[PDB]
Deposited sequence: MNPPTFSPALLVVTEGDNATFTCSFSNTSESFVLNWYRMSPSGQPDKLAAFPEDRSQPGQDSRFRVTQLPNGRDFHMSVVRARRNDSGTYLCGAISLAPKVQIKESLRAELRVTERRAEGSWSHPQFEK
């Protein structure tokens, strides 16, 4: 498995705006999960949507775009406190279980 890429490296938005990173990942034929983390990593959202646990309400979304390779990692109503660094991590579920991380990207949320 190849690592995913995560862009843009720096995203600056105003508080109250949405913010969207793009994770790009070229899969093999094997099952995978793509996690979005805020960086100890904190998992914000995943693709596919997790069906092993009950649904959760969230400002964070991961969506696979129709080209399959790109994924939007979005925050709604960004707050000053959302400023920080983030990454996406691909987990191969076969033939070997492994995680490969993108480089980090920074979100800067500026005052209104």
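- Unmodelled regions of the deposited chain sequence (numbering from residue 1, in sequence order): 40-43, 117-129.
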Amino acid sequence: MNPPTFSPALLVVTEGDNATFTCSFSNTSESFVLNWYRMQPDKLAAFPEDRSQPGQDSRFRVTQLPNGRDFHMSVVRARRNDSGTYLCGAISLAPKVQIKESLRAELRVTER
From here on, numbers count along this sequence of modelled residues.
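- As recorded in the PDB entry, 93-101 is the stretch of 19-27 and 93-101 with the greater mean C-alpha temperature factor.
- Averaged over Cα atoms, the B-factor as recorded in the entry is higher for 53-61 than for the other of 69-77 and 53-61.
- For residue 46, the recorded CA B-factor ranks within the middle third of the chain. Only modelled residues enter the ranking.
- Sort the chain's modelled residues by C-alpha temperature factor and residue 107 lands in the lowest third, per the entry.
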